[PDB]
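Here's a solo chain for you in structure tokens, the form deposited in one PDB entry.
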């Protein structure tokens, strides 16, 4: 059948950003309930079961723009222990009032250590290769729960 609202869709995908493959796998999702990034859903909407295709998803319809205000230099002492002074390092530091914001080292040149509280894909455009494996109708529980079940 055709991918549409309230259908439980199983896709196998390859995610590539600016050249390299950052992710790849297979998942199931309830279509129409904001379970996927907007861009991605729009591209799947209408697709036939089995249909394969590619999709360019702008940061705007994915994980959003990069907020440079999200970058910041912090003292090594900020982290009272022994960890990493290298990029890629991600921490889940707490927000000044609530609802923590995971950060990521952007560099380390001595004491001046850069960090990023933006999504690791913020500011990036995503290029997907998709394959609609299974497309079934959602069950009452799924609809109530708002998510697809391993079933």
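If you superpose the two forms and keep the largest set of C-alpha atoms that fall within 1.5 Å, you have the rigid core. Numbering follows the first chain given and starts at 1.
Look at the mean CA B-factor for 94-102 and for 30-38 in the entry; the higher one is 94-102.
For the pair 56-64 and 103-111, the record assigns the higher mean C-alpha temperature factor to 103-111. In this entry, the residue among 43, 122, 86, 126 with the greatest C-alpha B factor is 86. When the modelled residues of the chain are ordered by C-alpha B-factor, residue 18 sits in the highest third.
The following text describes the form solved in complex with a partner chain, which does not appear among the structures shown.
Interface membership of residue 87, defined by any non-hydrogen atom within 4.5 Å of its partner chain in the deposited bound form, is ruled out.
When its partner chain is considered in the deposited bound form, residue 56 lies well away from it, no heavy atom lying within 4.5 Å. Looking at residue 106, you'd find every heavy atom of it more than 4.5 angstroms from its partner chain in the deposited bound form.
Interface membership of residue 65, defined by any non-hydrogen atom within 4.5 Å of its partner chain in the deposited bound form, is confirmed.
Put simply, after the core is superposed between this form and the one not shown, 85 is the one residue in 55, 52, 27, 85 with a Cα shift of at least 2 angstroms. With the core held fixed, residue 66 shows a CA shift of 2 Å or greater between this form and the one not shown. Once both forms are fitted on their rigid core, the CA atom of residue 43 lies less than 2 Å apart between this form and the one not shown. When the rigid core is held fixed, the Cα atom of residue 112 travels 2 angstroms or more between this form and the one not shown.
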